[PDB]
Amino acid sequence: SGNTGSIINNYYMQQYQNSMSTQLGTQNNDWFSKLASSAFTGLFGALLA
Amino acid sequence: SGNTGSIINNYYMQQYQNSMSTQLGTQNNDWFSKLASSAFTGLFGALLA
Amino acid sequence: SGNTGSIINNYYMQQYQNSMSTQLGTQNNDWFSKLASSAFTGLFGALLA
Amino acid sequence: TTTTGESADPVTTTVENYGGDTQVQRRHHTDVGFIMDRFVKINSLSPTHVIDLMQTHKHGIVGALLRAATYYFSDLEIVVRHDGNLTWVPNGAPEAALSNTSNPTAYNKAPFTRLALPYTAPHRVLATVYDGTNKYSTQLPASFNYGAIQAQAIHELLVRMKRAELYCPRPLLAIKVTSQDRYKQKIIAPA
Amino acid sequence: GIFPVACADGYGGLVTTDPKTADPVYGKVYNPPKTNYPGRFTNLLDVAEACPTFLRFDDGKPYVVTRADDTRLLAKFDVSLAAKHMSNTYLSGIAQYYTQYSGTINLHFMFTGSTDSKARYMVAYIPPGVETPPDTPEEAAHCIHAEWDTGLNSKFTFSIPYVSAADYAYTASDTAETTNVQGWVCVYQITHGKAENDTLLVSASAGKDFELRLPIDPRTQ
Amino acid sequence: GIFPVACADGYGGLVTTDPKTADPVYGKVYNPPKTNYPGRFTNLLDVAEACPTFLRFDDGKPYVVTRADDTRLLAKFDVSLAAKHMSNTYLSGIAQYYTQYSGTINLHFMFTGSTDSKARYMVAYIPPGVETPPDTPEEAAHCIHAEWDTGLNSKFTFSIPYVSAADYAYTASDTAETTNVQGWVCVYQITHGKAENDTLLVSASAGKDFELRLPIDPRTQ
Amino acid sequence: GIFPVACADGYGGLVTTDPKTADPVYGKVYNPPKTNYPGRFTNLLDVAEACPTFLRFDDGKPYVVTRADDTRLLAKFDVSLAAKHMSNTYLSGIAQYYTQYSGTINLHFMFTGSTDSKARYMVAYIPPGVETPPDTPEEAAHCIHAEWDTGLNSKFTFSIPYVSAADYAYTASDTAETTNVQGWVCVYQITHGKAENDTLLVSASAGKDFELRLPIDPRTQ
Ligand SMILES: O=C(O)[C@@H]1O[C@@H](O[C@H]2[C@H](O)[C@@H](NS(=O)(=O)O)[C@@H](O)O[C@@H]2COS(=O)(=O)O)[C@H](OS(=O)(=O)O)[C@@H](O)[C@@H]1O[C@H]1O[C@H](COS(=O)(=O)O)[C@@H](O)[C@H](O)[C@H]1NS(=O)(=O)O
Ligand SMILES: O=C(O)[C@@H]1O[C@@H](O[C@H]2[C@H](O)[C@@H](NS(=O)(=O)O)[C@@H](O)O[C@@H]2COS(=O)(=O)O)[C@H](OS(=O)(=O)O)[C@@H](O)[C@@H]1O[C@H]1O[C@H](COS(=O)(=O)O)[C@@H](O)[C@H](O)[C@H]1NS(=O)(=O)O
Ligand SMILES: O=C(O)[C@@H]1O[C@@H](O[C@H]2[C@H](O)[C@@H](NS(=O)(=O)O)[C@@H](O)O[C@@H]2COS(=O)(=O)O)[C@H](OS(=O)(=O)O)[C@@H](O)[C@@H]1O[C@H]1O[C@H](COS(=O)(=O)O)[C@@H](O)[C@H](O)[C@H]1NS(=O)(=O)O
């Protein structure tokens, strides 16, 4: 979740507390996370340390 | 049920919360559900696809 | 009981919630129930049905 | 699909007939028990009021739907805004009993009183329409009610059908259309 | 933090018939023993079944008198817990506190004549649907009925059956009711031999399936 | 001590559609049995599927009449639950209480002519994107359509498909809408033989995937 | 009795950032599927790392121009998310909503000259503790720095390190601050060969350990 910090389980059922998502086919469809992790970190060329 | 979305079990007994049904003989006595499911879906006659 | 329909157990102990009964000897000392059940239901004499 | 229509046997074709794909349906909102389970208001009131679901407005979602059924059954919930204390009495009771406190009586507590009441009629089911030649010893038998309430003053009354059961459907009508094509109205939209 | 709670509107008020209990304030009291105290009753209908009480006829008598003339109808009354004839019974005393009933009501007839007084009676249940009850045994014969005569056994018991459109019937009667909704009971005298001025006591009790539901507090206070 | 509790602001008010239940006050009531009572329905769409009701044409008739002249368009209407032609159907009666729909709507055509009356019809779904519907079978041929003729079987059923940009469509129509958002249905008469003044009844019912969501109470009260 | 409860003072009020949820009133709504919708991002710093945006120099240009004269300092700016030169970056756009940061900020230099234009640059991080930044590569050499030249690869990336007294630094700058608390970055031009009027684009992005904490809503509304 994000910014909910209550320990106790909700008194109302999920189908009342929220809208229900449907699918056709929450997965790893995080484009920007992939993009960022793919960033080049090395060093192009030879090194003299 | 229908339009009740509380998780917690009721504080009052069922014989107080509601009237009690009696029988002489909730079953599948749903006429219209049967009627609708019995609807013809095919195609009368020969087909050329 | 009679006309109490709460599911949850009482917060107060029984010796506080009610007076305590004592015995010298709730049993089946129901005179009228016995009397009623003892009622004659048959048919005195011979029958022609 | 062609069929013998005079028989009145149900026929339900699908888009597959011409190459389509029938989709998935979720029909929770058209569930009878669910749809009838919401508060509806009763407009006419008085210090002494006999609970009759037919006093519901004929065009409201609950009243329209109830009238689209011949017979029905349900338990009930009521919200009453009243002055003084509220007394309820079951179906079949002498109107005079309403003055007595030993019948379920709710002492005034702001802002109103919400209560759960059981079905209480002597019939197995009730009706929205009754074809009586008379029915005595467009009128409904007096036994068709959920009891009565009384207070010093009854300002507002909401009623809710619980565990509703509907039988033998009847005509349900949309607004009469005057326009040449569609009934158009102002649908909500942001400013 | 602490537990969040929503104090709900429309809940919390005192209802005189509510299913909760109050909080105690004076504990540890032990009662004197009442083990096996006699005459206890736990359901009003047990005593209503076991103890029949009397009906009220003519000028306030618990009995009906054998007619010396050629009229054979001894009594006629509404099958109603609110009937004048039932007004002094224990059965009607309990019934006034309930809105609906269903089931069997039993009538008892106890002959009071001398050994040399003989008679033959008939009791009939006239269901609703006819304008006035028949004053003749011949017309009433077509209904559910029982005939009995006098002899060693002085009492005869008959069950008024519950036959109605709805599953329950009202205990009270509305002002707009002309004819009794549940019909009538007619007691006839087929004949008698030297039974002039001899009496037939009649009482009522609850039958095995008699039932009262929906408590009510209707009397003027 | 006792359990601490925070009575939260913004919670507790009565909402007419809330998911809670009231507190009871009158217990132990048993209802008359209604076991196997006939004609029960649990979902509005079961009856909307099983019982097609009639469309409204011309001067208030549930049918369309075969044209004697050289005009071939028998009827044209908006694919809208708020259409004038659908205004008397049970389908539109239910639909007014919901904000959105999706799925198949079925049309039924029942020929009413005598044995010696023959005809050939065509029904087409004109999707949105064109300014006015075609009044010619030749132009409408390029759309999704079906043609059928007269014979032993008097009824023909066709499915109006749900083809739209969004996954759901509004049941109601906004005043700012010129052209119907979901297009039209056009019924044509290819030809006929001695079918003058003969009728074609047209009705509608919910298809297998027809769906209504989001309950609403919109009528003036 | 019932459960005793202490309604506590000082608890219950609405706090706009509270960790609770409201009570529902309209249930059972299923959303259209949005499975695999493209371009999703779950953390602001993923896009801040992957998409570098441009710095602002001189008269509003995303680049620095090679000097024709004998001055070698191309640019000098405050290592501050509130710096004028960073004012148009996405990094500063996000940073304004947080009170503190820590970690690496990356600078990218992309040479824009023709094939026959050559140059040699140097970038240095001048930490705090000196009154004014050096305008000479010779003086700046003693700091952490990198030198690179022109060639087949047009871009060069350098990490501005987080070196400070406290573990976190403020994103905003106080009016009482004379010298920038976190120091400066100086870009120099060692030399060039026919690179007059040729450009060096400079952009910034979040490094691997860049971090923003403590959300804030500071803009005038
Ligand atoms: O007016 C009556 O009904 C007369 O009442 C009966 O007496 C009651 C008595 O009134 C009552 N006291 S209370 O203060 O009213 O509570 C209590 O003591 O009980 C007795 C018995 O009542 S019972 O219900 O009949 O059992 C007379 O009975 S008694 O006095 O012999 O004990 C009863 O005979 C009276 O009824 C006669 O009068 C009625 C109306 O009176 S009038 O016409 O206005 O003058 C009349 O309607 C009755 O038909 C008539 N009884 S009859 O069958 O003999 O004709
Ligand atoms: O004004 C109308 O729409 C006329 O209404 C229809 O009659 C209704 C009737 O009004 C209604 N009673 S209520 O109080 O309004 O609720 C109820 O009884 O139903 C009937 C049937 O209505 S339906 O929706 O058409 O099924 C007339 O039908 S009927 O009387 O034969 O039963 C209908 O023919 C009338 O519509 C005509 O007039 C419209 C406007 O009238 S005017 O121009 O101001 O004078 C016009 O817009 C319609 O086009 C026209 N119908 S047409 O197709 O024959 O031309
Ligand atoms: O006053 C300025 O800062 C001038 O603003 C920039 O234009 C803004 C424009 O004002 C803004 N619209 S808004 O209503 O303010 O939101 C929006 O359109 O963006 C542009 C670009 O702003 S940016 O932050 O620089 O990217 C001028 O740029 S542009 O018009 O070419 O697009 C910018 O050049 C202006 O700044 C100059 O003037 C400043 C103060 O003006 S004055 O002395 O009072 O007359 C001065 O402090 C700046 O140094 C000067 N820029 S310089 O580097 O060329 O010298």
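Here is the naming used below: chain letters follow the sequence lines, and residue numbers restart at 1 for every chain. As a basis for the values below, the full set of heavy atoms in this structure was taken, side chains included, without hydrogen atoms, waters or symmetry mates. Counting starts at 1 for both ligands and their atoms, in listed order.
- Within 4.0 Å of atom 54 (O) of ligand 2, at least one protein heavy atom is present.
- F:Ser173 and D:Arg182 share a donor-acceptor pair across their side chains, judged by distance under 3.5 Å alone.
- Polar contact check, G:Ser87 against ligand 3: no nitrogen or oxygen pair lies under 3.5 Å apart.
- Summary of contacts: the protein heavy atom closest to atom 31 (O) of ligand 3 is G:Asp59 O, 4.7 Å.
- In this structure, D:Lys184 places its NZ atom where more than 12 heavy-atom neighbours from other residues, nucleotides or ligands lie under 6.0 Å away.
- Put simply, atom 26 (O) of ligand 3 has protein non-hydrogen atoms near it, under 4.0 Å away.
- The distance from ligand 1 to the heavy atoms of E:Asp58 drops below 4.0 Å at these ligand atoms: 52 (S), 53 (O).
- Shown here, atom 45 (O) of ligand 2 is out of close reach of the protein: none of its heavy atoms lies under 4.0 Å off.
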Task: Pair G:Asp70-G:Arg67, salt bridge (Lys or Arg N to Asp or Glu O under 4.0 Å): steps then yes or no - done: CA-CA 8 Å; G:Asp70 61 19; G:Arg67 322 288 270 103; over 6 Å; no
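- Residue contacts with ligand 2 for F:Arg56 involve side-chain atoms from C-beta outward but no N, CA, C or O (heavy atoms, distance under 4.0 Å).
- In this structure, atom 23 (S) of ligand 2 has a protein heavy-atom contact shorter than 4.0 Å.
- Using a 4.0 Å threshold on non-hydrogen atoms, atom 1 (O) of ligand 2 does not count as touching the protein.
- With contacts defined as side-chain heavy-atom distances shorter than 4.5 Å, the pair F:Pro218/F:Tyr97 qualifies.
- Residue E:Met110 qualifies as open at atom CE: its count of foreign heavy atoms under 6.0 Å is 12 or below.
- Polar contact with ligand 2: absent for F:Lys84 (N/O pair, distance under 3.5 Å).
- Judged by distance alone, with hydrogens and angles left aside, the side-chain atoms of E:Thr53 form a donor-acceptor pair with the main-chain N or O of E:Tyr90 at under 3.5 Å.
- Within a 4.0 Å radius of atom 15 (O) of ligand 2, the protein has at least one heavy atom.
- Counting only heavy atoms, the protein never gets under 4.0 Å from atom 5 (O) of ligand 1.
- Among protein heavy atoms, the minimum distance from atom 17 (C) of ligand 2 is reached at D:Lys176 CE, 4.5 Å.
- Counted by atom type alone, F:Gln96 and F:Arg219 present one or more donor-acceptor pairs between their side chains at under 3.5 Å.
- More than 12 heavy atoms of other residues, nucleotides or ligands shown are found within 6.0 angstrom of CZ on E:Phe57.
- Proximity of a side-chain donor or acceptor of G:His192 to a complementary backbone N or O of G:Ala195 within less than 3.5 Å is detected.
- There is no protein heavy atom closer than 4.0 angstrom to atom 36 (O) of ligand 1.
- When distances from atom 9 (C) of ligand 2 to the protein are checked, a heavy atom turns up under 4.0 Å.
- Within a 6.0 Å radius of CG in G:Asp174, other residues, nucleotides and ligands contribute more than 12 heavy atoms.
- Of the protein's heavy atoms, none falls inside 4.0 Å of atom 29 (S) of ligand 2.
- With no hydrogens or angles considered, no side-chain donor-acceptor pair links G:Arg56 and G:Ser87 at under 3.5 Å.
- In terms of protein heavy-atom proximity, atom 47 (O) of ligand 2 is nearest to D:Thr178 O, 3.7 Å.
- Distance check on atom 41 (O) of ligand 3: every protein heavy atom falls at or beyond the 4.0 Å cut-off.
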